[PDB]
Amino acid sequence: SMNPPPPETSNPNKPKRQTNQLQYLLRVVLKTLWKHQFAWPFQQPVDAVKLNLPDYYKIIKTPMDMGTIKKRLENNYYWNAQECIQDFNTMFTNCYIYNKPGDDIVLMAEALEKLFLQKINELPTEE
Ligand SMILES: CN1Cc2cc(S(=O)(=O)Nc3ccccc3)ccc2NC1=O
């Protein structure tokens, strides 16, 4: 009954960068999703322990969540936007894999993903 360590949000050996696309991701894409009524289950790592999902981390080996993404953005963890996009996709995909296609949690992930795809559609060209 332990959770894994969470995904890293800082790394002294990983080069860091600011891009206009990373700024958009924090200021428009994450901001839009974070304040959405369906954000809250996704605002922190899945706590398999407190939520009583004991097989969660047997099935999901690449956990991701918006809490993690927010810190990564804030900490300038990423070098490029594509890394951050891949984190959002990982988070959605994990939800779709672990849960049944009927579940409330899946319908929420889907609505957030739709809005995410709407916001990254207008991702500005880099400077
Ligand atoms: C991202 N999550 C997190 C998660 C949280 C929970 S919950 O027990 O809070 N129940 C709950 C909460 C909100 C909406 C619907 C159900 C259950 C399952 C999951 N599965 C996931 O995949």
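Taking the working numbering, the leading residue of the sequence shown gets 742, the next gets one more, and so forth. Every residue gets a Cβ at the ideal spot worked out from N, C-alpha and C, and that includes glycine.
*Does the distance from the CB of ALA850 to the CB of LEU763 come in under 8 Å?*
Within the sequence shown, residue 850 is the residue found at index 109, counting from 1. Within the sequence shown, residue 763 is the residue found at index 22, counting from 1. No, they are not a contact pair.
*Can you have a look at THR809 and say buried or exposed, based on whether 16 or more other CB atoms are within 10 angstroms of its CB?*
For the purposes of this step, residue 809 is identified with residue 68 of the sequence shown, where counting begins at 1. Flag for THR809 reads buried.
*At 4 residues or longer, and completely inside the stretch 781 to 845: list those alpha helix (DSSP H) runs for me, N to C.*
789 to 792, 797 to 800, 807 to 815, 822 to 839
*Thinking just about the alpha-carbon of each residue, which of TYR839, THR750, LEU856 is nearest to the one in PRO795?*
As a first step, residue 795 is located in the sequence shown; it is residue number 54 there, counting from the start. Closest option to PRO795, Cα to Cα, is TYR839.
_Can you check which of these residues, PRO842, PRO786, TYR797, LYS812, is closest to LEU771 by C-alpha distance?_
In the sequence shown, the residue the question calls residue 771 occupies position 30. Selected option, being the one with the closest Cα: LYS812.
*Counting pairs of Cβ atoms below 8 Å between the stretch 779 to 790 and the stretch 816 to 830, do you hit three or more?*
No, the stretch 779 to 790 does not touch the stretch 816 to 830.
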